[PDB]
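Before any comments, here is the structure.
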Amino acid sequence: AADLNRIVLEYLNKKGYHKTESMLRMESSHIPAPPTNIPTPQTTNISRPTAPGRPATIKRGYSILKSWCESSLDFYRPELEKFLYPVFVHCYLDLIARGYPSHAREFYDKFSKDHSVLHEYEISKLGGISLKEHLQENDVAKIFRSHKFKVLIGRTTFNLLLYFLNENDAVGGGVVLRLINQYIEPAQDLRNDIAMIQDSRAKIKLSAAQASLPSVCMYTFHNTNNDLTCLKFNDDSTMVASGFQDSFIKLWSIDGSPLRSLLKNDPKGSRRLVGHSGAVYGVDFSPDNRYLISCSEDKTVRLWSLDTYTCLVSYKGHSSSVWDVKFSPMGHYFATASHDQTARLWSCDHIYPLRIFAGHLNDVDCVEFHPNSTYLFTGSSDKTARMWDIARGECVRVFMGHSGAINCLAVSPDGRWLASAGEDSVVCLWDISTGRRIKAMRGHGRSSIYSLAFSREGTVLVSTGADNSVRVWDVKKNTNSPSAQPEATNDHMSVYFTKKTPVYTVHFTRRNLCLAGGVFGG
Amino acid sequence: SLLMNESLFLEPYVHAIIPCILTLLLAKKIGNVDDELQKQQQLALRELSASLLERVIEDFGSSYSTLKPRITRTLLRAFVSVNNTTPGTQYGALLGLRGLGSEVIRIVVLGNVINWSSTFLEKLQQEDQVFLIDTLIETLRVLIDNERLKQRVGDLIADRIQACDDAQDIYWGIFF
Amino acid sequence: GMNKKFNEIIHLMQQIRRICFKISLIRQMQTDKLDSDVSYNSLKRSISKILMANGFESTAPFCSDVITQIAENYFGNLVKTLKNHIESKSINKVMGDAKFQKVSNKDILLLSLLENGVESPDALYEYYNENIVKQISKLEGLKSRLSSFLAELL
Amino acid sequence: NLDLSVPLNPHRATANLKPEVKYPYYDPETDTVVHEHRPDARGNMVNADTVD
Amino acid sequence: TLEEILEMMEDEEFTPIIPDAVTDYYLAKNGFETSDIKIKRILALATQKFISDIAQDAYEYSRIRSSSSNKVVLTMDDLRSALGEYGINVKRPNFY
Amino acid sequence: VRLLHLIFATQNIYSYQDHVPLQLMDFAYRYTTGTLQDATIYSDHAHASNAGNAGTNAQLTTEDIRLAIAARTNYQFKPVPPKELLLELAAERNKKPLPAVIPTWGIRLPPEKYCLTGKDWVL
Amino acid sequence: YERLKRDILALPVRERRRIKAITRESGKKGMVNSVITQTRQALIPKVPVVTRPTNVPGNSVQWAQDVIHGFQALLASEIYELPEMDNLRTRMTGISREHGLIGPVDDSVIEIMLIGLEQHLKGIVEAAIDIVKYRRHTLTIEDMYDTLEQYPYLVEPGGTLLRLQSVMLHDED
Amino acid sequence: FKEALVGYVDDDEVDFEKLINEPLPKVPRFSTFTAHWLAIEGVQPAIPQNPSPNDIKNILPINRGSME
Amino acid sequence: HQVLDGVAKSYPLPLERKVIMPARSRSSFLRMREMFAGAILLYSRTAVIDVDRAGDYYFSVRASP
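Residue numbers (PDB author numbering), protein chains in the order written: chain A, 43 to 96, 104 to 235, 352 to 432, 444 to 663, 688 to 722; chain B, 292 to 434, 450 to 482; chain C, 817 to 847, 879 to 1001; chain D, 231 to 282; chain E, 58 to 126, 190 to 216; chain F, 12 to 59, 65 to 139; chain G, 159 to 293, 327 to 364; chain H, 98 to 104, 111 to 171; chain I, 237 to 277, 288 to 311.
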């Protein structure tokens, strides 16, 4: 303990670019991060799919307008139908003047079929115009912008409407309200309403969002003779895929049997995937959810479609069994873990790996990506955990403890927190900056912990184990955000036991509830 | 609002929120004096509640089977009873059943509308009733006695059989 | 199932002629989706139906399990060969932009056969005729022994 | 003591703004179509550099 | 030749002892699907032939064991020898 | 063997199937047979065999066994973690840049003729 | 079961032998079992320096100039051809002194070694040729990786196969 | 693991001497899943497929903790 | 009884372990090493093995500056 301080301080004494001043700052690896916030889509805009090495918000605002309306009540259709077309032509004029005339043309003839039953000559009016000076010569739009357009509408409808376009100023609410207070007013009233939203911020908007004990729905898989390693659930919670131990992948459909190809051939709701040699140990889905990835022990990684239920690609850069394969949070890039004591990060277009990461004195059991998608967390049977820069290759941080192996890892959405689950049966919550576990949740008897997960907003996590039990844990009992909410060890809200079933996974849905998967029945 | 949320699970509480919508949508007013707004928007409020009901049944029609059953039974029991003591409650029943489906109306409700058309005596809300029912059978046209009455005129075929009280004849003269 | 039928005829002739051999010794010395276990045991059945040589399942059981596992490995080695050639990701394989497959779909098969065991195709024709000739050869050998023993017992 | 641990929202961890796509479509004539990037190397072409 | 060999597998005149279902399972295990029947019967056939070869190895190596010029049993010595003569590895069982 | 259960107890695995001890003991027998066989060959080699030159007398010290085992682990028996090899090798891979491109919200596949097109295989 | 298991183990007379195996074995100057020291000690060059209590024959003093000379050779894989005798001899002396022998290699070893080498490589390339064509072609890297997936008994693992799975570059680069 | 004695070794295997086999394996059901409901809003129903408080009888190192 | 549980702390070992180390890596390393060693300051950091009593697994070091 103190010997480590002695030896590392002597080391840093020998490192000539480590003086006594900054060596002590080096010993400030025990102050953690501040409590930070989640980027709501109120202020912070979206980002584009890119690389880890360092327009059409108008289109997305109009998509908001055409989505939020049709999803509304039936009473409010006969009035917002006329709120559709004028703002469409307004935003089209805005963009075609902004400097993207090609984009203007494309989303014009894409969204020219918006109000074709009302307006008949206006599509010909605006179809014979391509260039900006072709607008400056065109006169109908000039007289259009000269005067304003009348709009018949009630009060509370526009109130709630604006109160929907205040929460989403990320992919476009500001431009549309700006164009409105410019032209119609059926941003001065807009500014007063923004101040009203800020008044809602004062005690009308929820502050803490404290803990919330979860619902559950279980999925026990009968009749398998223990020939079954992994499960995995979907994104919109419609499918559950299980990887067997004889090169088989048996897609299941929740709520019906719509699993039919789009073709003319291939004429219930369970789809089996072949194309493998050895047992399957990990499976992962595409967040666009028309593809699927599946690793094995035959050093293959493989890609499947989901509109034909068919392979497309094979991948091979690994020298030994691949345990878990996980996508990026955005798509395009996926990663694998193996028994070759190394991990490879893939793309999907190129067939051989891009980067190889090597820091483990034993097998890399699990792999995961931090929510920015520029980091990877490997965990191993060497009783250690590691972090990597996908571009760099080499290990930014290492976490050590946990007498025993590791099996599963998780990341809390906000970027402070990773979960270590292992044969030791003690869940450990780690802080990336500190490198020292913030909490050491104790429970779960004396059995391996196979899977776990966090909330939508980091308020709560869930473990899931082989002691035939699931265990909801609060997480903010002693952290930098000590939410307590008062009336073996603590940080343990509740335990739900099962009918002699070892459990294998979870998937928090969008909503309150979890969704589980286990085996063995009784 | 609570139903446009996305972080809320609302299976456990449908069978406790239904009564509010129904006791409001019927709106059996012991008073409701004439005030120039007793019905100028009360009809609209009943309509909003009916559309809300349509949303609720369309959403949670999978985790329960007894709900839409119970809702349909409650409303029709409160419907046919001649002691509505006000037209507005029956109007709410009519416009809520309107935004339900296609078939449970025409199986049972034709005889009962004939019944309380024999009973009722109004001048103007009867006109609104028969005209919104004309549009009703019009949206039932593309998907029978009312079938011929909407497709064809039904001159003394569906009228002499299915119409009576000199009220459905007014709507038949209004349109086919 | 003509292959099954002829192996069965071998089986029947073996049963009867070995029975006759044994009693003749006695008289001389007087003076669909399917699963793993069903697949395994079906293969064991087929195996012990191969064994005209010794006696059909007339050996210790460890050897039956041995043989089952070995033939499983061999079949897997076949398919691991063909699918490896088919993925290939090499210019020698891989459909050319001008639809020029340096080696068409059949040379793949012939080649995967060649890599594992079998040398040429017609060795299978050969083993087939060899089988049916083994039938009549052992037939007539033990039938001549039968006739000579029918003469000897007199 | 300088790591960059900071998230940002995708279109996947919220709702009401899931985008559209048109590469994995279904033609009426042809079966389906996909997105597959573009090299310049063709078939039966020169393999690589010299043997030295 | 070769083309006769896939003229013949299709009809019932030559249907390997290995049933179609079992080979379908073992195709699927090692990862191969195709809606042809020839190829599967063919891998069936080659495997049949290979096991026949170890069969004859066992038969002859049993025939050497005594009296060149209580019935037959294919024991662990016969198997130890034939499997060894292949590339199949050493069988050194034991007791105690 | 009961002692094999005793050895299982060291790793917290008290859930065996009772075929494992037979199998691992069979294995160790096979292994040590081969080992002290080729070590005997090497003990002959120090005793300077050919088609009749001298006798064959056995001592079998530990050095011969060490030789007979190092040859086996020359091609077997997963060795110490070869970290340095992997570090340098991966630095050689971890050298050339990422593509730094935008497929614009989909999946980017390899080009056809590297994709598989998993049709029904046919001649 | 554990208590009953130990009792049954005591039922055998080997309970005494079981009772004696409490110490730490390898009663020597040591047998380390770590990793990093195995590596380092298996990385630096050694030197066969000798004692001389009464007489250590050999009539040729031990040197480690030879080990430096051996590690400095233009070994294969830089050049494009299999090494001619002299290079191989210079490399061997280094290894022999580095392991703890003495005396010069005697000019017949090199030739038998070259012989075995070229036999090895002819076997490998015959395998790849048996892959590509069944019966004007030209061979690639992927075919050799295919055949070293099929037949790995040829090459001893380590060093090169890992290096082989880090040279499979994509077309554009 | 049959016994044998010599003037002990405790080894013998008497599982042999077969001549013919003609048994057929029986296929089990496919792997199908059984959903239920568990843990609505913290409370665990015992009416559907769940346990009662019988883990008080479990081995106390195993299945530890109970807060609810 | 428990005496045997306390005694059963064998910690077995092997005889020999392999180390995957090719010629090329160590050769480049050693080459560049002795280059810098002769440039800045045999004199490098080397092992020392005796012709006798070898076959052991770790050896001492000269550590000559």
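The beta-carbon is built from N, C-alpha and C at its ideal position, and this holds for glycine as well.
With respect to the 8 Å criterion, A:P74 and A:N656 are classified as neighbours on the basis of their beta carbons.
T91, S92 and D93: these are the residues of the segment 63-93 of chain E whose beta carbon lies less than 7 Å from some beta carbon of chain F, given in chain order. DSSP lists no bridge partner for B:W407.
G:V267: member of the alpha helix (DSSP H) spanning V267 to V290, first to last residue. DSSP, reduced to helix, strand and coil, places H:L141 within a strand of the structure shown. Scanning D:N246, D:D257 and D:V236 for the CA closest to the CA of A:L114 turns up D:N246. Neighbours of C:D882 in chain H, taken as residues at a C-beta separation under 8 Å, are given in chain order as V130 and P131.
One Cα belongs to F:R41, the other to C:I839, and the distance between them is close to 43 Å. Shown in chain order are the members of the segment 267-290 of chain G whose Cβ falls below 8 Å from a Cβ of chain C: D288, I289 and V290.
Rounded to whole angstroms, the Cβ separation of E:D114 and E:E205 is 7 Å, and the two are in contact under 8 Å.
B:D425 has its alpha-carbon roughly 48 Å from the corresponding atom of H:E144. Against chain F, the CB of C:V941 has a partner CB under 8 Å away; the residue lies at that interface. Judged by pairs of C-beta atoms under 8 Å, the segment 464-475 of chain A touches the segment 500-513 of chain A, as three or more such pairs exist. A direct Cα-Cα distance of roughly 48 Å separates I:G242 from A:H452.
Looking from the CA of A:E599, the closest CA among A:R613, A:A581, A:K700 and A:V646 belongs to A:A581. Put simply, the CB of A:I527 is near chain C, with a gap under 8 Å to one of its CB atoms. Under the 10 Å beta carbon count, C:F903 is surrounded by 16 or more other beta carbons and is classified as buried. Against chain E, the CB of F:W137 has a partner CB under 8 Å away; the residue lies at that interface. As DSSP reads the structure, A:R562 sits in a beta bridge with A:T554 and A:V574.
Listed along the chain, the chain H residues whose CB falls inside 8 Å of the CB of E:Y116 amount to none; the nearest CB is some 18 Å away. Between A:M65 and A:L51, the C-beta gap is smaller than 8 Å, which places the two residues in contact. For the 8 Å CB-CB criterion, F:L101 and I:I256 form a contact.
The C-beta of F:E128 comes no closer than 8 Å to any C-beta of chain I. Your pair H:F136 and A:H387 checks out as a contact, with CB atoms roughly 7 Å apart and the cut at 8 Å. Inter-segment contact for the segment 390-401 of chain A and the segment 297-306 of chain B is absent: fewer than three beta-carbon pairs are separated by less than 8 Å.
Each of H:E171, H:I165 and H:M170 was checked against the Cα of A:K700, and the nearest Cα belongs to H:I165. Each of C:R843, C:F837, C:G923 and C:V913 was checked against the Cα of E:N87, and the nearest Cα belongs to C:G923. Residue pairing by DSSP places A:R531 opposite A:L521 in a beta bridge. The DSSP assignment places 381-386, 393-398 and 404-409 as complete runs of the beta strand (DSSP E) inside the segment 353-413 of chain A, in order along the chain (cut-off: 3 residues). F:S26 carries a coil assignment under DSSP once its states are collapsed to helix, strand and coil.
In this structure, the beta-carbon distance from A:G591 to A:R562 does not fall below 8 Å.
Distance check between A:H578 and each of A:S557, A:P589, A:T518 and A:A567 places A:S557 closest, using alpha-carbon atoms only.
Three or more Cβ pairs closer than 8 Å define a contact, and the segment 967-979 of chain C meets that threshold against the segment 92-110 of chain E. Scanning A:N712, A:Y696, A:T610 and A:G722 for the CA closest to the CA of A:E69 turns up A:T610. Taking a beta-carbon distance threshold of 8 Å, H:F119 counts as an interface residue toward chain C.
Residue contact with chain D for C:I914: absent (no Cβ-Cβ distance below 8 Å to any residue of chain D).
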